[PDB]
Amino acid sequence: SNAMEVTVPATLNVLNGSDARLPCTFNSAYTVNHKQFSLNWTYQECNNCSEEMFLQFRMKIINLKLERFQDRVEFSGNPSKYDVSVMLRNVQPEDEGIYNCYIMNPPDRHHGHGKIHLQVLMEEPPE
């Protein structure tokens, strides 16, 4: 198979104003070589909207500071532990959307792609 095993929640429901960890882990037979490992996290508002990069790994983590997230994105994983999760602090309704994580771990031939649909819930729903 060409697809790397990548584990993410297909739907992730978080409370408005909370800190949301977007979990993403992967499997590979090979040690993660920081000189070759690559990661690309993107965000898409809608299916017919562009896909905007917000974090990459090229030798080290690069936070692109995508303006719609202010300074609320942080890396929340450790590539050497096969974990490429991200954290979105202080979630706002506009953070709802599709988050994609693309992974390559040379010399593994398998290519990774996880997709999370993030939904933002009321902080105080009727109860």
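Residue positions are given as counts along the sequence shown, with the first one as 1.
Query raised in the report: Once you work out the mean C-alpha B-factor for both 43-51 and 70-78 from the entry, which is higher?
Result: In the deposited entry, the stretch with the higher C-alpha B-factor mean is 43-51.
**Report entry** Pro107 - which third its CA temperature factor falls in, relative to the rest of the chain
**Finding:** For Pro107, the deposited C-alpha B-factor lands in the highest third.
Report task. Would you please rank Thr31 by its C-alpha temperature factor against the other modelled residues of its chain and give the third it falls in: lowest, middle or highest? Result -> Top third by C-alpha B-factor.
Report task. Going by the recorded CA B-factors, say which third of the chain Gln119 sits in, lowest, middle or highest. Result -> Its C-alpha B-factor, which the entry lists for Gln119, ranks in the lowest third among residues of this chain.
Report task. Classify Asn90 as lowest, middle or highest third according to the C-alpha B-factor given in the PDB entry, relative to its own chain. Result -> Middle third.
**Report entry** Record-listed C-alpha B factor of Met59: chain third
**Finding:** It belongs to the highest third of the chain when residues are ordered by C-alpha B-factor.
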